[PDB]
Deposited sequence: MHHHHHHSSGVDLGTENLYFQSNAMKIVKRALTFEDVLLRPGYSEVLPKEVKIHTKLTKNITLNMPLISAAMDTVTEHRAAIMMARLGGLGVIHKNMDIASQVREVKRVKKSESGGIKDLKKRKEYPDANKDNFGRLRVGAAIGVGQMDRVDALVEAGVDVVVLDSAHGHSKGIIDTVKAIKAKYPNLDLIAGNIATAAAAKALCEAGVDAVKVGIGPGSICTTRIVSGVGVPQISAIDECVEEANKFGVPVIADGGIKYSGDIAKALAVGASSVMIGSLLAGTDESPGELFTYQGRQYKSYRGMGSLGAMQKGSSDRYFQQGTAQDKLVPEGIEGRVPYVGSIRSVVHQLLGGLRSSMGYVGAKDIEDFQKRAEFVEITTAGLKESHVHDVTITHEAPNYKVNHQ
């Protein structure tokens, strides 16, 4: 065969975690983790850098709950600075797991593009905790040059770069000096990249390959995109990602940007790809414009997502994420296994808060 097929790649729906002997209840497990080599999270969730997901309200709530929000970059420098500053002056025992810097202020992230040094300058002055250098194709000279230039001017600024989906890409970014890599080419709910360009790696195999390489450098992996249910968070972490970035599951909350609207008797919010026409008009598109149901507060969403993670860790018998990653074992399943895993042969009559 002329064509080079390197592996058969799996994603979340193709695998399940095996139960393990457990001496710990879900409410007892520890779910803190690392965002970067130098920044910890108290809970492993990050809200996506998207203009229908994270501005200051979402970033504040995510940090209060122990995680992180990344302010999107589809705004001018001054507006983004204003958003970072609003998170940073936000700060109450209602939030005992709040993720704070050494001064007691909430952590926040902010996204940047290739070559946007003036923006990096402004965000550093505004007190940003981590810069997220994002591009459709992180394994690129433009990205690596920007990494090198930022770490040369701000040696102690935590820098996350992405997105990537190969071991070669993880090595290249780790060698350029990043503090974490963000993995995900194509898995996003609103993403058409794989369909429009033919490029991508199914998300489980992409995490697995990139974690194996990035661990050789001590660099955490953020699993970005494709999370549909709380069970997918556990699988992403068990394969070895240090944290998970989520868009669609948070787009429908009070705190995300944009107003509620009603369609056919039910309430929704807009949710769209940053590579969709609408977002780019604020080169051919790699995302769509859509809607997601309204699901209330980020707090109630996060409670269900982490409840599922805790249940998963109790089933596996892990006391914390490190132990979860060391001892998780998987089985590969079939299409019929997946059908068996969902609800089947019964008509759901009541909504469940964690299953749609």
- What are the missing stretches of the deposited sequence, listed from start to end? 1-22, 114-122, 314-328, 403-406
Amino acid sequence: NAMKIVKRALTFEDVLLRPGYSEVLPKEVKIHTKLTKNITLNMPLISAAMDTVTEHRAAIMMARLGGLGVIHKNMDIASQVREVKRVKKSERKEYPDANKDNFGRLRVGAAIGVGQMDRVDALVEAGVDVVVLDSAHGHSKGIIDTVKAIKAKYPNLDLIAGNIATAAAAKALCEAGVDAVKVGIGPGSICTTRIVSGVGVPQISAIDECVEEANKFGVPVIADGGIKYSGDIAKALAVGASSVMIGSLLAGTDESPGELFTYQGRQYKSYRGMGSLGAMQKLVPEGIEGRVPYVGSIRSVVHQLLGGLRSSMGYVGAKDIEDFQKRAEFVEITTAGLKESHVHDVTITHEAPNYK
From here on, numbers count along this sequence of modelled residues.
- Message: I'd like to know whether residue 208, which is modelled here, goes unmodelled in a third or more of the other compared entries that cover its flanking residues.
- Response: no
- Third-or-more of other entries without residue 171: no
- Message: Quick check on the record: does 202-210 or 256-264 carry the larger mean Cα temperature factor?
- Response: 256-264
- Looking only at C-alpha temperature factors in the entry, 11-19 or 340-348, the higher average sits in 340-348
- Determine which member of 166, 193, 230, 116 has the highest CA B-factor, using the values in the deposited entry. 116
- Highest Cα B-factor in the PDB entry belongs to which of 249, 234, 149, 274? 149
- Going by the entry, which third of its chain does the Cα temperature factor of residue 59 land in? middle
- Message: By the recorded C-alpha temperature factor, relative to the other modelled residues in its chain, which third is residue 296 in?
- Response: highest
- Item | Third of chain Cα B-factors occupied by residue 109 | lowest
- Query: Thinking about Cα B factors across the chain, which third does residue 46 belong to?
  - Reply: middle
- Task: Comparing against every modelled residue in the chain, figure out the third that the C-alpha B-factor of residue 78 lands in (lowest, middle or highest).
- Result: highest
